[PDB]
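Visitor: I need the structure of the sequence given here:
(11 chains, ligands or ions: 5)
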Amino acid sequence: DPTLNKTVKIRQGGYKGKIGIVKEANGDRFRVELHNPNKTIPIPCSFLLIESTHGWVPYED
Amino acid sequence: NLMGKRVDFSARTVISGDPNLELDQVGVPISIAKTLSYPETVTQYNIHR
Amino acid sequence: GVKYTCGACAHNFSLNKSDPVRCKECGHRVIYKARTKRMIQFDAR
Amino acid sequence: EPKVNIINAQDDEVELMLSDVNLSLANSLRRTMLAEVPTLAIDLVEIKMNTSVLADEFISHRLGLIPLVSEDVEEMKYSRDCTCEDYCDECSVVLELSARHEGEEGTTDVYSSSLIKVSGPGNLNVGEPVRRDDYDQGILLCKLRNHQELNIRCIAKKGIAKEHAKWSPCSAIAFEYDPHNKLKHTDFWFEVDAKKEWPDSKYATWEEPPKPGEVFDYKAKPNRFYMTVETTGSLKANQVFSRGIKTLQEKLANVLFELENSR
Amino acid sequence: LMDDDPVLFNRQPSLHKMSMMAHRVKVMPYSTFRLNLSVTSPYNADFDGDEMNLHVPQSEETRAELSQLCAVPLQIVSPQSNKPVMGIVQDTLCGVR
Amino acid sequence: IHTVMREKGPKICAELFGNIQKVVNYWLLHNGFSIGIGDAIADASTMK
Amino acid sequence: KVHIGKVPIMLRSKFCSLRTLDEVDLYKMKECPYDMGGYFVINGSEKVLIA
Amino acid sequence: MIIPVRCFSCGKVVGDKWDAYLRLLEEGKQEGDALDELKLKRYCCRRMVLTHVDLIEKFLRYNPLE
Amino acid sequence: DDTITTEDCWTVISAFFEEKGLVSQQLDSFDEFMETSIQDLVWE
Amino acid sequence: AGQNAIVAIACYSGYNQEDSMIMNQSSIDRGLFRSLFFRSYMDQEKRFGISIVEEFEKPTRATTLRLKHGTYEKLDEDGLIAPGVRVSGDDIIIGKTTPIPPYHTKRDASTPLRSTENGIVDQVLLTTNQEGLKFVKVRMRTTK
RNA sequence: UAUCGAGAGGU
Ligand SMILES: Nc1ncnc2c1ncn2[C@@H]1O[C@H](COP(=O)(O)CP(=O)(O)OP(=O)(O)O)[C@@H](O)[C@H]1O
Ligand SMILES: [Mg+2]
Ligand SMILES: [Zn+2]
Ligand SMILES: [Zn+2]
Ligand SMILES: [Zn+2]
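Guide: Numbers count the residues shown, from 1 in each chain, chains lettered A, B, ... in the order given. Ligands and ions are numbered 1, 2, ... in the order given. See below for the structure:
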């Protein structure tokens, strides 16, 4: 998958506005390693923005 | 190594009291409950579960 | 390549891994990595 | 039937007597003011530079505790309910801080007054770091020495103290009733004489002591509740008491809605 | 591991058989094992740093031995002195007086 | 406890602990109980 | 003057390079003024002798 | 390390009173009276200022590492 | 004169630690080893 | 080495029997008994022959066998992670290889963060040892 | 994902 280990911002949910890294993206349900507290959370891939060449891009990267 | 030995499916942590648990219960942290496992045989009655 | 900082004189510089490990300014051989390019967030709780 | 008597008042504390209500209502109001009255507070800190002797999250924790003006926070949305991506101008206030020490000598003390509001849901009065006077530097945040720098960008969000105590508008809430123990709700510990050994309520002169003959009124209930609401300045004391009543109402209203929908 | 799974629970030193009793799991947040206060006595457990051990049976046969022989309620009376080894203690005993 | 065990069996007897605990701990939560330095102090006559 | 070996120096003793200096230069040597010595540094590890 | 922003027990802000407290002590006031003047009425709040130790002054002596 | 008080006793004790500190039995012992014992041991 | 806590000796909800204790969550929120925790990891390059030495680097999968299972994507080109980066257990924080005796010629000798720990990289020391080979320390910080 | 030891600790 092309978005593992890439930095992410969360746009929905209780973790909205928080930075993270895609630790595991098996399918549809991703595991983002939050930066702020030491915990890796389950989150749907729809909830993520990925960083790319120009700003934070949804899962069209 | 023979009269006693180290074993799989074991766990250990600090203990606390709970006034709201039954006498025969043990409260188990989620992280421990996700590391330990039980091998349940698949039958018609539990395959969906 | 990678930014460092001299533990004695605080000069900032880069090294291309093959360079010897010392400060160009004072020759000190104890140096420290500079902070990450990445943004850091904290929850203020 | 509810009655109110404001004993004293000022910006950050109101002393008042509350009467002709149930104990449970005075207590639920006490709890609501402590735990569920929204305020605004820093909840996300973007550290672009921190070469001070303090750790990033050490500083972030102090930032969250800085009281911010929350007067218009009721018209502001929660981040979790806002349709935007990341934070935005309708659900957050952005503050920025930048400090530096130039000079080879001395120490620069960084205060909460150097927090500069950059954006926010205009023209709502929310997001300014609370100040006592006009010459008030506010809360000490950090200290800097030659070449040490602090450059942070803060996102402030609406929240309640159930989530984190930094969103509470109160400090203590003094609260008492029956200063002469006529109701017999407490049984006093003593060595020789209970009356001489226990101090007087500060509201002892607001009710009359029991007469030496008086029989025990086993039907009396608590009915006069003296309380003082102190705040941190994010909200004025009268605002906390008013919004406490409002918040407890919406909570009961939502329950009533759900019952009338279960039909 | 899931609610009501039988597990063997144990505090050292394992001086007698009710140092190892079978409990019903209740999965809970936070990182401690939780005990009803009335089982502290047979374990000689308290909460000043004590730790305890949990073992998970791996078959229908060993689950049944735990639930039908070792379970806490089966252990309330011990053959040591033909009397109970568990009672009301601490807050509940102070309070019941 | 000994009697309920013999008379009602281990299941009922195990519930007995929980029942007693839940009533008493509630009552004690709302009654309170403490101890302080004062409880070590005998009066001046007894000290003499 | 033939060299017969090296002897580990107890910090803050009379033969330690820290005995002079004084708080100003202690701070420059990254040394804490609350550290009273009485121990050695052997391969980076602080070792104390037990009476 | 540095004066806490809030009283741990009640939440009252005390992080804006550290300089004023040191100043009252220079002016010769006794600690109890200085706390009284600062309107620190509850003893939880008084403990915060009375027993704080300003260690950041010690940490600053260590010549910055950049 | 007058009587030596408890506060005076603590004045004496402060003087002890002012001169000796807390680890002087470590430092003085090692100092004697460098000053004298190595030399004497060689001449044994 | 401690804090002045406001303490009630009381039976409250029964969650402090047998030497446990009830702590005020709001006091914790405001900083009570909070602490920093630091762990330093040390590694250095070893010599096995005249020109056979270990090397700090981010090891490429094509040339190095027995890579660790954790991520190597937080390592810089010098084989070291940079301060400010969040790390979780088994993440690689020091990349190091050892050559294989006589393509695909090196063997992994990297250091993962301890599996039971997490936090933020606080400081990274790079230097040489008494023998002239490279020598590193990685300090991790978290708040408990 | 080493082995052999040592030391300091927890109930
Ligand atoms: N060295 C040791 N060897 C074996 N078991 C030990 C031990 N130290 C402690 N224990 C275990 O821990 C128990 C000690 O409990 P403690 O907490 O040390 C004292 P107590 O008698 O329960 O309470 P007290 O502190 O009120 O006197 C022993 O009875 C035993 O169960
Ligand atoms: Mg114990
Ligand atoms: Zn230099
Ligand atoms: Zn928004
Ligand atoms: Zn207080």
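Visitor: Please state the offset of stretch D:240-251 from the chain centre?
Guide: Between the centre of stretch D:240-251 and the centre of its chain there are 13 Å (C-alpha atoms, centre = their mean, to the nearest Å).
Visitor: export it as PDB, just CAs?
Guide: Output of stretch D:240-251 as PDB, limited to C-alpha atoms (Å, rounded to 0.1, in the frame of the first residue of the first chain):
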ATOM      1  CA  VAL D 240     -21.000  30.700  35.400                       C
ATOM      2  CA  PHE D 241     -24.100  30.600  37.600                       C
ATOM      3  CA  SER D 242     -26.300  31.600  34.700                       C
ATOM      4  CA  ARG D 243     -24.800  29.200  32.300                       C
ATOM      5  CA  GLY D 244     -24.800  26.500  34.900                       C
ATOM      6  CA  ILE D 245     -28.600  26.800  35.100                       C
ATOM      7  CA  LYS D 246     -28.800  26.900  31.300                       C
ATOM      8  CA  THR D 247     -26.600  23.800  30.800                       C
ATOM      9  CA  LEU D 248     -28.500  21.800  33.400                       C
ATOM     10  CA  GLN D 249     -31.700  22.700  31.600                       C
ATOM     11  CA  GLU D 250     -30.500  21.600  28.100                       C
ATOM     12  CA  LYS D 251     -29.400  18.300  29.700                       C
END
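Visitor: What residues sit buried inside it?
Guide: For stretch D:240-251, burial by neighbour count (16 or more other C-beta atoms under 10 Å in any protein chain shown) applies to D:240, D:241, D:243, D:244, D:247, D:248. Using the backbone N, CA and C atoms, a C-beta is placed for each residue, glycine as well.
Visitor: Inside helices: which ones of these?
Guide: Within the buried residues of stretch D:240-251, residues falling in helices by DSSP state H are D:240, D:241, D:243, D:244, D:247, D:248.
Visitor: What residues does chain J have near ligand 5?
Guide: Within chain J, no position is near ligand 5 by C-beta under 5 Å from the ion.
Visitor: before we move on, back to that, between the ones in helices among the buried residues of stretch D:240-251, which is closest to chain J?
Guide: Distance ranking of those against chain J, using C-beta to the nearest C-beta, places residue D:240 first at 16.4 Å.
Visitor: Find the nearest non-adjacent residue to that closest one, please.
Guide: Among residues not flanking residue D:240 along the chain, residue D:169 sits closest, at 4.9 Å (C-beta to C-beta, 6 or more residues apart in numbering or on different chains).
Visitor: Count the residues that sit near that neighbour.
Guide: 29 (other C-beta atoms under 10 Å in any protein chain shown).
Visitor: just residue D:198 next, same as before
Guide: 13.
Visitor: Could you report the distance from the closest residue to it other than its chain neighbours to chain B?
Guide: Among residues not flanking residue D:198 along the chain, residue D:188 sits closest, at 5.6 Å (C-beta to C-beta, 6+ apart). Here the criterion is C-beta to the nearest C-beta, to the nearest Å. By it, residue D:188 lies 28 Å from chain B.
Visitor: Now residue D:188. Its backbone dihedrals?
Guide: Per-residue torsions, residue D:188: phi -80, psi 140 (degrees, to the nearest 10).
Visitor: In contact with it, which residues?
Guide: D:181, D:194, D:197, D:198 (C-beta atoms under 8 Å, 6 or more residues apart in numbering or on different chains).
Visitor: Is it correct that the first one falls within a strand?
Guide: No: Residue D:181: not assigned to a strand; according to DSSP: H, G, I helix; E, B strand; the rest coil it is coil.
Visitor: so who does it touch?
Guide: Residues in contact with residue D:181, defined by C-beta under 8 Å, 6+ apart, are residue D:188.
Visitor: Closest residue of chain E to chain H?
Guide: Nearest residue of chain E to chain H: residue E:30, at 21.5 Å (C-beta to the nearest C-beta).
Visitor: Touching, that residue and residue B:28? I think so.
Guide: No: Residue E:30 is beyond contact range of residue B:28, at 10.7 Å (criterion: C-beta atoms under 8 Å).
Visitor: Which one's more surrounded, those two?
Guide: residue B:28 (27 against 10).
Visitor: Could you show which parts of chain E are in contact with chain J?
Guide: When proximity is defined by C-beta under 8 Å from any C-beta of the partner chain, chain E lies next to chain J at E:37, E:40, E:45, E:46, E:47, E:48, E:89, E:90, E:91, E:92, E:94, E:95.
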